[PDB]
Number of protein chains: 4
Amino acid sequence: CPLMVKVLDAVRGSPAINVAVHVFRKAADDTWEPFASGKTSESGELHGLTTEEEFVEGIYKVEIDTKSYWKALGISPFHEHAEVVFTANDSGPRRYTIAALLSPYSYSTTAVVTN
Amino acid sequence: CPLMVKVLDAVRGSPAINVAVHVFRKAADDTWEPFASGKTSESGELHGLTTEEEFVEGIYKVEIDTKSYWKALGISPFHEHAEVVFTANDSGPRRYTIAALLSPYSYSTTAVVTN
Amino acid sequence: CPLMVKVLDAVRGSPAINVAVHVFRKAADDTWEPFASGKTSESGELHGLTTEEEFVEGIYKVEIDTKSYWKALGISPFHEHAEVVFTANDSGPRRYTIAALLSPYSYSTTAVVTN
Amino acid sequence: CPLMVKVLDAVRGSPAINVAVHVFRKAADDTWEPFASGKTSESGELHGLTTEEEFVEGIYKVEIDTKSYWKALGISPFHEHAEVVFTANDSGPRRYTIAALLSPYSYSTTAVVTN
Ligand SMILES: O=Cc1ccc(Oc2ccccc2)c(O)c1
Ligand SMILES: O=Cc1ccc(Oc2ccccc2)c(O)c1
(Lines give C-alpha, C1' and ligand atoms only; values in the text may rest on other atoms or scores of the structure.)
(Ligands and ions follow the chains in the order given, each with its own letter.)
Protein backbone atom coordinates (compact mmCIF):
# COMPACT_ATOMS: atom_id res chain seq x y z
CA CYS A 1 0.00 0.00 0.00
CA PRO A 2 2.18 2.83 -1.32
CA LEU A 3 -0.69 5.39 -1.57
CA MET A 4 -3.19 6.05 1.23
CA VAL A 5 -5.78 8.86 1.63
CA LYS A 6 -7.14 10.06 4.98
CA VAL A 7 -9.89 12.71 5.39
CA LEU A 8 -11.03 14.43 8.61
CA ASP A 9 -14.07 16.61 9.20
CA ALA A 10 -13.12 19.91 11.08
CA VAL A 11 -16.85 20.78 11.85
CA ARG A 12 -17.76 17.50 13.52
CA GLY A 13 -14.25 16.52 14.77
CA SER A 14 -14.51 13.11 13.23
CA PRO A 15 -13.27 11.08 10.30
CA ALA A 16 -14.98 12.05 7.02
CA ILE A 17 -16.73 8.77 6.02
CA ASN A 18 -17.73 7.75 2.49
CA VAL A 19 -15.86 10.49 0.75
CA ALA A 20 -15.30 9.65 -2.89
CA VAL A 21 -11.71 9.85 -4.10
CA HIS A 22 -10.39 9.74 -7.70
CA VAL A 23 -6.76 9.50 -8.66
CA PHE A 24 -5.41 10.42 -12.09
CA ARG A 25 -1.96 10.09 -13.68
CA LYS A 26 -0.59 12.52 -16.23
CA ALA A 27 -0.29 10.77 -19.58
CA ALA A 28 2.41 10.91 -22.24
CA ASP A 29 0.17 13.39 -24.14
CA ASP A 30 -0.32 15.77 -21.11
CA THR A 31 -3.76 14.31 -20.42
CA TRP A 32 -5.09 13.29 -16.94
CA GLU A 33 -5.81 9.61 -17.21
CA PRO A 34 -7.90 7.57 -14.69
CA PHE A 35 -5.63 5.67 -12.28
CA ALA A 36 -7.53 4.52 -9.21
CA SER A 37 -10.67 5.42 -7.11
CA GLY A 38 -12.09 4.62 -3.73
CA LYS A 39 -14.32 5.79 -0.88
CA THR A 40 -13.17 6.47 2.63
CA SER A 41 -13.96 3.97 5.43
CA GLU A 42 -15.51 4.62 8.90
CA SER A 43 -12.05 5.63 9.99
CA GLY A 44 -11.93 8.19 7.12
CA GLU A 45 -9.11 6.19 5.45
CA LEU A 46 -8.87 4.72 1.95
CA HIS A 47 -6.38 1.86 1.49
CA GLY A 48 -5.73 -0.45 -1.46
CA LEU A 49 -5.95 2.16 -4.22
CA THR A 50 -2.80 0.75 -5.90
CA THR A 51 0.19 -1.56 -5.65
CA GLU A 52 3.87 -0.76 -5.70
CA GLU A 53 4.07 -2.48 -9.09
CA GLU A 54 1.36 -0.30 -10.60
CA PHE A 55 2.36 2.93 -8.83
CA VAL A 56 5.25 4.03 -11.09
CA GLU A 57 7.02 7.46 -11.36
CA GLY A 58 4.53 10.02 -12.56
CA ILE A 59 2.56 13.17 -11.87
CA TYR A 60 -0.58 12.28 -9.99
CA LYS A 61 -3.79 14.09 -9.09
CA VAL A 62 -5.79 13.01 -6.02
CA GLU A 63 -9.30 14.45 -6.25
CA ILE A 64 -11.36 14.39 -3.07
CA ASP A 65 -15.04 15.03 -3.66
CA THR A 66 -15.69 17.32 -0.78
CA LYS A 67 -18.80 19.04 -2.34
CA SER A 68 -20.85 15.77 -2.31
CA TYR A 69 -19.74 15.11 1.23
CA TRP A 70 -20.87 18.49 2.63
CA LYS A 71 -24.14 18.49 0.62
CA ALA A 72 -25.18 15.14 2.13
CA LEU A 73 -24.64 16.82 5.55
CA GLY A 74 -26.98 19.75 4.37
CA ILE A 75 -24.12 22.21 3.90
CA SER A 76 -23.63 23.98 0.58
CA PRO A 77 -19.77 24.21 0.57
CA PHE A 78 -17.50 26.65 -1.39
CA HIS A 79 -15.20 24.18 -3.19
CA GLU A 80 -16.14 21.70 -5.94
CA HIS A 81 -13.47 19.30 -4.62
CA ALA A 82 -10.05 19.19 -3.10
CA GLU A 83 -7.32 18.59 -5.70
CA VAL A 84 -3.85 17.39 -4.66
CA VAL A 85 -1.18 17.37 -7.45
CA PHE A 86 2.29 15.90 -6.99
CA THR A 87 5.21 14.07 -8.57
CA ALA A 88 5.50 10.56 -7.16
CA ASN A 89 8.52 8.19 -6.93
CA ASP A 90 11.63 10.18 -8.16
CA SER A 91 14.03 8.93 -5.39
CA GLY A 92 12.60 5.50 -6.06
CA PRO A 93 9.46 4.15 -4.42
CA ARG A 94 8.06 5.83 -1.31
CA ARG A 95 5.00 5.43 0.78
CA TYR A 96 2.56 8.42 0.44
CA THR A 97 -0.16 9.39 2.80
CA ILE A 98 -2.35 12.23 1.52
CA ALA A 99 -4.34 13.76 4.41
CA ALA A 100 -7.02 16.47 4.13
CA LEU A 101 -8.94 18.35 6.84
CA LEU A 102 -12.27 19.69 5.59
CA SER A 103 -14.45 22.73 6.44
CA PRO A 104 -17.28 24.16 4.33
CA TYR A 105 -15.21 27.12 3.07
CA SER A 106 -11.69 25.89 3.69
CA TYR A 107 -9.51 22.81 3.55
CA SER A 108 -5.98 21.87 4.17
CA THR A 109 -3.90 18.97 2.80
CA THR A 110 -0.62 17.54 3.94
CA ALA A 111 1.55 14.72 2.67
CA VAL A 112 3.48 12.30 4.86
CA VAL A 113 6.17 10.55 2.78
CA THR A 114 8.07 7.56 4.03
CA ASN A 115 11.18 5.34 3.34
CA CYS B 1 -12.33 43.69 -7.71
CA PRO B 2 -14.77 40.79 -7.51
CA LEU B 3 -11.90 38.28 -7.16
CA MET B 4 -8.65 38.66 -5.20
CA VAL B 5 -5.90 36.11 -4.25
CA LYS B 6 -3.76 36.26 -1.16
CA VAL B 7 -0.84 33.95 -0.35
CA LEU B 8 1.23 33.62 2.84
CA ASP B 9 4.44 31.66 3.56
CA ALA B 10 4.25 29.53 6.75
CA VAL B 11 8.01 28.82 6.89
CA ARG B 12 9.20 32.40 6.75
CA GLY B 13 6.06 34.06 8.31
CA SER B 14 5.68 36.49 5.48
CA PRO B 15 3.53 37.28 2.44
CA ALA B 16 4.45 34.94 -0.46
CA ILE B 17 5.81 37.35 -3.06
CA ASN B 18 5.98 36.83 -6.77
CA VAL B 19 4.02 33.65 -6.86
CA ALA B 20 2.42 33.04 -10.24
CA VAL B 21 -1.33 32.56 -10.19
CA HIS B 22 -3.38 31.27 -13.12
CA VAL B 23 -7.19 31.46 -13.18
CA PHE B 24 -9.32 29.33 -15.59
CA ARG B 25 -13.03 29.16 -16.39
CA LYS B 26 -14.65 25.86 -17.27
CA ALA B 27 -16.10 25.94 -20.82
CA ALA B 28 -18.95 23.94 -22.47
CA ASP B 29 -16.75 20.91 -23.48
CA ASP B 30 -15.60 20.59 -19.81
CA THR B 31 -12.21 22.04 -20.74
CA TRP B 32 -10.36 24.70 -18.71
CA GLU B 33 -9.82 27.89 -20.61
CA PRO B 34 -7.41 30.60 -19.50
CA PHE B 35 -9.28 33.42 -17.79
CA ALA B 36 -6.85 35.66 -15.85
CA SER B 37 -3.33 35.48 -14.28
CA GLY B 38 -0.58 37.43 -12.60
CA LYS B 39 2.03 37.33 -9.84
CA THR B 40 1.52 38.23 -6.17
CA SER B 41 2.73 41.68 -4.98
CA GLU B 42 5.13 42.51 -2.08
CA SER B 43 2.08 42.17 0.12
CA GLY B 44 1.41 38.63 -1.24
CA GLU B 45 -1.76 39.87 -3.00
CA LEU B 46 -3.02 39.82 -6.53
CA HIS B 47 -5.67 42.39 -7.38
CA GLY B 48 -7.20 43.39 -10.73
CA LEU B 49 -7.66 39.86 -12.05
CA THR B 50 -11.14 40.53 -13.46
CA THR B 51 -14.11 42.93 -13.52
CA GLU B 52 -17.68 42.44 -12.37
CA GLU B 53 -18.84 42.56 -15.99
CA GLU B 54 -16.53 39.64 -16.87
CA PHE B 55 -16.87 37.58 -13.68
CA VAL B 56 -20.07 35.68 -14.44
CA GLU B 57 -21.45 32.57 -12.72
CA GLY B 58 -19.55 29.49 -13.71
CA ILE B 59 -16.94 27.07 -12.41
CA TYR B 60 -13.52 28.54 -11.89
CA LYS B 61 -10.12 27.08 -11.13
CA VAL B 62 -7.36 29.01 -9.39
CA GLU B 63 -3.92 27.53 -9.66
CA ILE B 64 -1.14 28.77 -7.41
CA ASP B 65 2.40 27.95 -8.60
CA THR B 66 3.76 26.81 -5.25
CA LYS B 67 6.47 24.56 -6.70
CA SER B 68 8.42 27.35 -8.40
CA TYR B 69 8.01 29.50 -5.28
CA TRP B 70 9.68 26.86 -3.03
CA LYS B 71 12.34 26.09 -5.63
CA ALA B 72 13.47 29.74 -5.85
CA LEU B 73 14.08 29.56 -2.07
CA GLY B 74 16.00 26.23 -2.16
CA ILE B 75 13.30 24.22 -0.44
CA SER B 76 12.16 20.91 -1.77
CA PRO B 77 8.35 21.02 -2.18
CA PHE B 78 5.79 18.26 -2.41
CA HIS B 79 2.98 19.71 -4.61
CA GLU B 80 3.16 20.74 -8.25
CA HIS B 81 0.84 23.65 -7.39
CA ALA B 82 -2.09 24.44 -5.15
CA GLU B 83 -5.56 24.23 -6.83
CA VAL B 84 -8.77 25.85 -5.84
CA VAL B 85 -11.99 24.88 -7.79
CA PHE B 86 -15.31 26.51 -7.06
CA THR B 87 -18.63 27.72 -8.52
CA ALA B 88 -19.07 31.47 -8.60
CA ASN B 89 -22.67 32.21 -7.93
CA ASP B 90 -24.85 35.35 -7.88
CA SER B 91 -26.20 36.00 -4.55
CA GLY B 92 -24.29 37.61 -5.56
CA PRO B 93 -22.46 40.98 -5.21
CA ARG B 94 -19.81 39.02 -3.42
CA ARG B 95 -16.15 39.80 -3.43
CA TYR B 96 -14.30 36.50 -3.47
CA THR B 97 -10.95 36.43 -1.68
CA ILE B 98 -9.11 33.15 -2.23
CA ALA B 99 -6.43 32.92 0.44
CA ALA B 100 -3.73 30.26 0.76
CA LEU B 101 -1.14 29.49 3.45
CA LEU B 102 1.91 27.58 2.16
CA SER B 103 4.34 25.05 3.58
CA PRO B 104 6.65 22.67 1.58
CA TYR B 105 4.50 19.55 2.23
CA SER B 106 1.23 21.12 3.17
CA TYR B 107 -1.13 23.96 2.17
CA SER B 108 -4.42 25.33 3.27
CA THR B 109 -6.85 27.54 1.36
CA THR B 110 -9.92 29.43 2.44
CA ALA B 111 -12.54 31.52 0.72
CA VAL B 112 -13.72 34.75 2.23
CA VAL B 113 -16.90 35.89 0.51
CA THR B 114 -18.19 39.37 1.41
CA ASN B 115 -20.61 42.36 0.69
CA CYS C 1 0.33 49.33 14.92
CA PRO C 2 3.13 46.94 15.84
CA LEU C 3 0.61 44.16 16.62
CA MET C 4 -2.61 43.29 14.75
CA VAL C 5 -4.98 40.24 14.99
CA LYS C 6 -7.04 38.86 12.16
CA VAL C 7 -9.62 36.07 12.43
CA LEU C 8 -11.54 34.22 9.70
CA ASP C 9 -14.45 31.74 9.92
CA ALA C 10 -13.91 28.55 7.86
CA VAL C 11 -17.54 27.37 8.13
CA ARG C 12 -19.18 30.52 6.84
CA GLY C 13 -16.24 31.79 4.65
CA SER C 14 -16.25 35.18 6.26
CA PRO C 15 -14.30 37.41 8.66
CA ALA C 16 -15.00 36.33 12.28
CA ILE C 17 -16.72 39.40 13.72
CA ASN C 18 -16.93 40.40 17.32
CA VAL C 19 -14.58 37.81 18.64
CA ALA C 20 -13.01 38.83 21.93
CA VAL C 21 -9.22 38.85 21.98
CA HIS C 22 -7.10 39.12 25.13
CA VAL C 23 -3.35 39.81 25.00
CA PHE C 24 -1.03 39.12 28.00
CA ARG C 25 2.64 39.76 28.71
CA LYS C 26 4.65 37.33 30.80
CA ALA C 27 5.98 39.03 33.97
CA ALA C 28 9.01 38.24 36.21
CA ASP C 29 7.19 35.63 38.42
CA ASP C 30 6.19 33.71 35.23
CA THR C 31 2.62 34.96 35.58
CA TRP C 32 0.50 36.31 32.70
CA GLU C 33 -0.49 39.91 33.16
CA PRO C 34 -3.19 41.61 31.12
CA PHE C 35 -1.66 43.71 28.37
CA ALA C 36 -4.30 44.65 25.75
CA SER C 37 -7.72 43.40 24.49
CA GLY C 38 -10.65 44.14 22.23
CA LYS C 39 -13.15 42.60 19.82
CA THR C 40 -12.67 41.99 16.09
CA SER C 41 -14.27 44.49 13.64
CA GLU C 42 -16.67 43.77 10.72
CA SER C 43 -13.55 42.95 8.76
CA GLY C 44 -12.47 40.38 11.42
CA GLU C 45 -9.53 42.62 12.44
CA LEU C 46 -8.38 44.16 15.66
CA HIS C 47 -6.10 47.17 15.32
CA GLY C 48 -4.80 49.62 17.94
CA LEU C 49 -3.92 47.02 20.56
CA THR C 50 -0.60 48.64 21.49
CA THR C 51 2.04 51.22 20.49
CA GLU C 52 5.67 50.77 19.54
CA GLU C 53 6.71 52.48 22.77
CA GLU C 54 4.77 49.90 24.82
CA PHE C 55 5.45 46.79 22.73
CA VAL C 56 8.84 45.78 24.10
CA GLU C 57 10.66 42.44 23.74
CA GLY C 58 9.14 39.82 25.95
CA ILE C 59 6.90 36.76 25.80
CA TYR C 60 3.33 37.45 24.82
CA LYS C 61 0.16 35.39 24.81
CA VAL C 62 -2.76 36.08 22.52
CA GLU C 63 -5.99 34.41 23.45
CA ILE C 64 -8.85 34.27 20.97
CA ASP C 65 -12.29 33.56 22.49
CA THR C 66 -13.40 30.99 19.93
CA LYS C 67 -15.85 29.20 22.23
CA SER C 68 -18.17 32.16 22.71
CA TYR C 69 -17.96 32.90 18.97
CA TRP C 70 -19.22 29.39 18.03
CA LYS C 71 -21.82 29.40 20.79
CA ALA C 72 -23.42 32.65 19.55
CA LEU C 73 -23.90 30.89 16.18
CA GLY C 74 -25.38 27.66 17.66
CA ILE C 75 -22.40 25.48 16.83
CA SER C 76 -20.88 23.17 19.35
CA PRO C 77 -17.13 23.92 19.57
CA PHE C 78 -14.24 21.84 20.83
CA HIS C 79 -11.71 24.40 22.18
CA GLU C 80 -12.11 26.78 25.09
CA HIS C 81 -10.16 29.37 23.07
CA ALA C 82 -7.29 29.55 20.62
CA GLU C 83 -3.87 30.48 22.16
CA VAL C 84 -0.87 31.97 20.51
CA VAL C 85 2.39 32.28 22.60
CA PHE C 86 5.49 33.89 21.18
CA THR C 87 8.60 35.99 21.93
CA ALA C 88 8.55 39.48 20.48
CA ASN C 89 12.04 40.34 19.48
CA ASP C 90 13.80 43.44 18.11
CA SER C 91 15.15 42.86 14.76
CA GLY C 92 13.02 44.48 15.08
CA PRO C 93 10.79 47.16 13.45
CA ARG C 94 8.46 44.33 12.68
CA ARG C 95 4.73 44.57 12.47
CA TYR C 96 3.32 41.35 13.90
CA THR C 97 0.05 40.14 12.37
CA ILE C 98 -1.36 37.16 14.26
CA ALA C 99 -3.92 35.53 11.97
CA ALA C 100 -6.25 32.65 12.83
CA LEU C 101 -8.65 30.54 10.75
CA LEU C 102 -11.47 28.94 12.78
CA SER C 103 -13.51 25.76 12.57
CA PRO C 104 -15.55 24.12 15.43
CA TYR C 105 -13.01 21.30 16.03
CA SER C 106 -9.93 22.76 14.45
CA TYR C 107 -7.99 26.04 14.15
CA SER C 108 -4.87 27.26 12.51
CA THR C 109 -2.80 30.34 13.29
CA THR C 110 0.04 32.01 11.46
CA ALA C 111 2.32 34.93 12.12
CA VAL C 112 3.12 37.40 9.40
CA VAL C 113 6.08 39.53 10.43
CA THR C 114 6.93 42.49 8.17
CA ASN C 115 8.94 45.79 7.55
CA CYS D 1 -6.11 5.07 25.84
CA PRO D 2 -8.66 7.89 25.96
CA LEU D 3 -6.15 10.67 25.09
CA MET D 4 -3.69 10.46 22.19
CA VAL D 5 -1.47 13.17 20.62
CA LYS D 6 -0.18 13.08 17.03
CA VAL D 7 2.22 15.67 15.51
CA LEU D 8 3.21 16.07 11.85
CA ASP D 9 5.96 18.19 10.35
CA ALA D 10 4.66 20.31 7.32
CA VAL D 11 8.27 21.26 6.16
CA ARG D 12 9.63 17.73 5.94
CA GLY D 13 6.31 15.89 5.28
CA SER D 14 6.96 13.46 8.06
CA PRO D 15 5.91 12.64 11.59
CA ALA D 16 7.40 15.05 14.15
CA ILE D 17 9.52 12.72 16.34
CA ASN D 18 10.55 13.34 19.96
CA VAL D 19 8.29 16.29 20.49
CA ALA D 20 7.75 16.92 24.18
CA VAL D 21 4.13 17.14 25.30
CA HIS D 22 2.74 18.32 28.67
CA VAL D 23 -0.85 18.03 29.74
CA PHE D 24 -2.40 20.07 32.55
CA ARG D 25 -5.83 19.98 34.22
CA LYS D 26 -7.56 23.03 35.61
CA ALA D 27 -7.73 22.77 39.39
CA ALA D 28 -10.49 23.62 41.84
CA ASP D 29 -8.64 26.92 42.52
CA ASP D 30 -8.38 27.91 38.77
CA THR D 31 -4.76 26.76 38.64
CA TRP D 32 -3.21 24.60 35.83
CA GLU D 33 -2.04 21.46 37.54
CA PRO D 34 0.36 18.86 36.00
CA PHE D 35 -1.59 15.87 34.63
CA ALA D 36 0.53 13.84 32.24
CA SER D 37 3.59 14.21 29.87
CA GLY D 38 5.19 12.29 27.06
CA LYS D 39 7.32 12.50 23.92
CA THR D 40 6.19 11.54 20.47
CA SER D 41 7.38 8.25 18.90
CA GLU D 42 8.92 7.64 15.42
CA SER D 43 5.39 7.67 14.11
CA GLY D 44 4.86 11.13 15.70
CA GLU D 45 2.28 9.64 18.11
CA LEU D 46 2.13 9.69 21.92
CA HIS D 47 0.02 6.96 23.55
CA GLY D 48 -0.41 5.98 27.21
CA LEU D 49 -0.60 9.49 28.67
CA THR D 50 -3.59 8.49 30.86
CA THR D 51 -6.25 5.91 31.64
CA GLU D 52 -10.00 6.18 31.46
CA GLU D 53 -10.07 5.98 35.27
CA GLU D 54 -7.71 8.90 35.69
CA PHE D 55 -9.06 10.98 32.80
CA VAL D 56 -12.13 12.52 34.51
CA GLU D 57 -14.33 15.51 33.41
CA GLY D 58 -12.22 18.64 33.41
CA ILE D 59 -10.65 21.46 31.44
CA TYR D 60 -7.38 20.30 30.00
CA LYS D 61 -4.39 21.98 28.37
CA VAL D 62 -2.19 20.02 25.93
CA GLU D 63 1.10 21.87 25.47
CA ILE D 64 3.23 20.79 22.53
CA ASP D 65 6.78 22.07 22.71
CA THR D 66 7.21 23.07 19.14
CA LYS D 67 10.03 25.65 19.78
CA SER D 68 12.48 22.95 21.03
CA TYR D 69 11.56 20.78 18.08
CA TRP D 70 12.29 23.42 15.41
CA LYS D 71 15.48 24.65 17.16
CA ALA D 72 16.98 21.14 17.10
CA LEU D 73 16.33 21.21 13.31
CA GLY D 74 18.24 24.64 13.14
CA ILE D 75 15.07 26.69 12.66
CA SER D 76 14.28 29.56 14.99
CA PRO D 77 10.41 29.29 15.01
CA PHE D 78 7.80 32.00 15.88
CA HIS D 79 5.79 30.20 18.59
CA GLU D 80 6.96 29.18 22.08
CA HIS D 81 4.66 26.13 21.91
CA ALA D 82 1.32 24.98 20.65
CA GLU D 83 -1.38 25.14 23.35
CA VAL D 84 -4.64 23.19 22.98
CA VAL D 85 -7.36 23.96 25.61
CA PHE D 86 -10.60 22.00 25.87
CA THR D 87 -13.30 20.61 28.14
CA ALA D 88 -13.10 16.82 28.27
CA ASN D 89 -15.79 14.20 29.10
CA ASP D 90 -19.16 16.10 29.51
CA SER D 91 -21.30 13.54 27.54
CA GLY D 92 -19.47 10.89 29.50
CA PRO D 93 -16.14 9.41 28.46
CA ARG D 94 -14.88 9.85 24.90
CA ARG D 95 -11.74 9.03 23.07
CA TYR D 96 -9.71 12.19 22.11
CA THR D 97 -7.07 12.46 19.49
CA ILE D 98 -5.30 15.83 19.45
CA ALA D 99 -3.44 16.30 16.14
CA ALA D 100 -1.14 19.21 15.23
CA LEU D 101 0.60 20.07 11.93
CA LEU D 102 3.69 22.21 12.45
CA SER D 103 5.49 24.90 10.38
CA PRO D 104 8.06 27.41 11.66
CA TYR D 105 5.59 30.34 11.67
CA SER D 106 2.28 28.53 11.70
CA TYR D 107 0.50 25.51 13.13
CA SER D 108 -2.86 23.96 13.04
CA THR D 109 -4.59 21.62 15.52
CA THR D 110 -7.62 19.44 15.14
CA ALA D 111 -9.45 17.13 17.50
CA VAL D 112 -11.00 13.80 16.53
CA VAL D 113 -13.50 12.71 19.20
CA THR D 114 -14.97 9.25 19.33
CA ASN D 115 -17.79 7.13 20.94
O1 LIG E 1 -3.81 30.94 10.79
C2 LIG E 1 -4.14 30.18 9.93
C3 LIG E 1 -4.47 30.93 8.76
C4 LIG E 1 -4.83 32.23 9.08
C5 LIG E 1 -5.16 33.11 8.07
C6 LIG E 1 -5.03 32.69 6.78
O7 LIG E 1 -5.34 33.31 5.64
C8 LIG E 1 -5.31 34.66 5.87
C9 LIG E 1 -4.10 35.23 6.49
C10 LIG E 1 -4.04 36.60 6.79
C11 LIG E 1 -5.17 37.37 6.56
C12 LIG E 1 -6.31 36.78 6.05
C13 LIG E 1 -6.37 35.43 5.75
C14 LIG E 1 -4.72 31.30 6.48
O15 LIG E 1 -4.69 31.01 5.14
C16 LIG E 1 -4.39 30.40 7.48
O1 LIG F 1 -3.61 20.17 13.45
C2 LIG F 1 -4.05 20.31 12.34
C3 LIG F 1 -4.04 19.06 11.59
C4 LIG F 1 -3.67 17.94 12.33
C5 LIG F 1 -3.62 16.72 11.72
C6 LIG F 1 -3.95 16.63 10.38
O7 LIG F 1 -3.91 15.44 9.74
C8 LIG F 1 -3.91 14.45 10.68
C9 LIG F 1 -4.93 14.41 11.62
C10 LIG F 1 -4.92 13.40 12.58
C11 LIG F 1 -3.91 12.45 12.61
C12 LIG F 1 -2.90 12.50 11.67
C13 LIG F 1 -2.89 13.50 10.71
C14 LIG F 1 -4.32 17.75 9.66
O15 LIG F 1 -4.62 17.54 8.36
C16 LIG F 1 -4.37 19.00 10.24
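**Section: the pairing of strand β3 (residues 20-26) of chain C**
Residue and element names in this part refer to chain C. Bridge count for β3 against strand β4 (residues 32-39) is seven bridges, and the pairing is antiparallel. Each residue of the ladder has a partner; that of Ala 20, found in β4, is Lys 39. Hairpin connection, β3 to β4: the antiparallel pair is bridged by five residues, and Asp 30 has positive phi, about 65 degrees. For β3 and strand β6 (residues 58-64), the ladder comprises five bridges, and the chain directions are antiparallel. For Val 23, the partnering residue across the bridge sits in β6 and is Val 62.

**Focus: the UniProt feature "binding site: L-thyroxine" in chain A**
Under the local residue numbering, the UniProt record ascribes the feature "binding site: L-thyroxine" to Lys 6, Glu 45 and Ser 108 of chain A. Turning to its location among the elements, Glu 45 of chain A is positioned in strand β5 (residues 45-46). Not counting chain neighbours up to four residues away, the residues in contact with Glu 45 of chain A comprise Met 4, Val 5, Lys 6, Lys 39 and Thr 40 of chain A. Residue placement: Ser 108 of chain A occurs in strand β9 (residues 106-114). Those residues within four positions of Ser 108 of chain A in sequence are excluded, and the remaining contacts are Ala 99, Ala 100 and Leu 101 of chain A together with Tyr 107 and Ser 108 of chain B.

**As for the site of ligand 2**
Near ligand 2 you find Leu 8 and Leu 101 of chain A together with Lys 6, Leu 8, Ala 99, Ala 100, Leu 101, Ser 108, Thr 109 and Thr 110 of chain D, and these make up its full shell. Neighbouring residues of ligand 2 are not confined to one chain but are distributed across chains A and D. With respect to ligand 2, the backbone of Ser 108 of chain D contributes an N or O atom lying 2.6 Å from an oxygen atom. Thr 110 of chain D places a polar main-chain atom, nitrogen or oxygen, 3.3 Å from an oxygen atom of ligand 2. Here ligand 2, which alone exposes 380 Å², has 93% of that area covered by the protein. In terms of residue class, the shell around ligand 2 is made up of six nonpolar, three polar and one charged.

**A closer look at the relation of the copies chain C and chain A**
Two chain copies, one operation linking them: a rotation about an axis together with a shift along it. Take chain C, turn it by 180 degrees, move it 0.0 Å along the axis, and it overlays chain A with an RMSD of 0.7 Å. Read as a symmetry element, the transformation amounts to a two-fold axis. When the interface residues of chain C are mapped onto chain A, 100% of them are again interface residues, pointing to one common binding face.

**Considerations on the sheet that holds strand β4 (residues 32-39) of chain D**
On the basis of which strands lie adjacent, the open sheet formed by eight strands has the order β4(C)-β3(C)-β6(C)-β7(C)-β7(D)-β6(D)-β3(D)-β4(D) and antiparallel pairing. Strands at the two margins of the open sheet, each flanked by one partner only, are β4 of chain C together with β4 of chain D. Neighbour to neighbour, the strand axes of the sheet diverge by 20 degrees on average, direction disregarded.

**Some words on the sheet that holds strand β7 (residues 79-88) of chain B**
Pairing in this open sheet of eight strands is antiparallel, and the strands run β4(A)-β3(A)-β6(A)-β7(A)-β7(B)-β6(B)-β3(B)-β4(B) from one edge to the other. Sheet topology places β4 (32-39) of chain A together with β4 (32-39) of chain B at the edges, where each strand pairs with a single neighbour. The sheet shows a mean angle of 20 degrees between the axes of neighbouring strands, direction not considered. Relative to strand β7 (residues 79-88) of chain A, strand β6 (residues 58-64) of chain A is paired through seven bridges, and the arrangement is antiparallel. Counted as the bridge partner of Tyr 60 of chain A is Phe 86 of chain A from β7 of chain A.

**Looking at the pattern of salt bridges**
Applying the stated criterion to the full structure yields 18 salt bridges over all chains. The salt bridge involving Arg 12 of chain B is made with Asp 9 of chain B; its shortest N-O contact spans 3.0 Å. Exposure remark for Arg 12 of chain B: the relative accessible area of 37% places this residue in the partly exposed category. With a relative accessible area of 1%, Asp 9 of chain B lands in the buried category. The residue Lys 6 of chain D makes a salt bridge to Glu 45 of chain D at a minimum N-O spacing of 2.9 Å. Residue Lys 6 of chain D is located in strand β1 (residues 3-9), and its partner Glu 45 of chain D is located in strand β5 (residues 45-46); the two are separated by 39 residues in the primary sequence.

**Here's the deal with the interface of chain A and chain B**
Tallying the contact residues gives 22 residues for chain A and 22 residues for chain B. For the pair chain A and chain B, the summed buried surface comes to about 1,800 Å²; carbon and sulfur atoms form 57% of the total. Applying the counting criterion to the chain A and chain B interface returns one salt bridge. The salt bridge partner of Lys 61 of chain B is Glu 83 of chain A, with a shortest N-O separation of 3.8 Å. In this assembly, chain A and chain B are joined by 14 residue pairs in polar contact.

**Description of the interface of chain C and chain A**
Every contact between the two is made by nine residues of chain C and, on the other side, nine residues of chain A. In this assembly, chain C packs against chain A so that about 670 Å² is buried in total across both faces, 63% of it on carbon and sulfur atoms. Summed over the three residues of chain C that lose the most area to chain A, namely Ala 10, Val 11 and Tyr 105 of chain C, the buried surface amounts to 52% of that side. Where chain C meets chain A, there are zero salt bridges. At the junction of chain C with chain A, the criterion picks out three residue pairs in polar contact. Considering only residue class, the side of chain C that touches chain A consists of five nonpolar, three polar and one charged.

Definitions and cut-offs
- Residues numbered from 1 in each chain as written, not as in the entry; some residues may be left out.
- Chains lettered and ligands numbered in written order.
- Heavy atoms only, no water.
- Pairing = 2+ DSSP bridges.
- Helix = DSSP H or I, 4+ residues; strand = E, 2+ residues; numbered from the N terminus.
- UniProt positions renumbered as here; feature names shortened; annotations may be inferred.
- Contact = heavy atoms within 4.5 Å.
- Near = heavy atom within 4 Å.
- Polar contact = N/O pair within 3.5 Å; in protein donor to acceptor, adjacent residues only side chain to side chain.
- Areas by Shrake-Rupley, 256 points an atom, 1.4 Å probe, with all protein chains shown as cover.
- Nonpolar A, V, L, I, M, F, W, Y, C, P; charged D, E, K, R; others polar.
- Least-squares fit on C-alpha atoms.
- Axes fitted to C-alpha atoms, helices over the stretch in contact; angles between N-to-C directions.
- Salt bridge = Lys/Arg side-chain N within 4 Å of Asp/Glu carboxyl O.
- Buried < 20%, exposed > 50% of the residue type's maximum accessible area, 1.4 Å probe, protein only.
- Buried area = accessible area lost by both parts, 1.4 Å probe.

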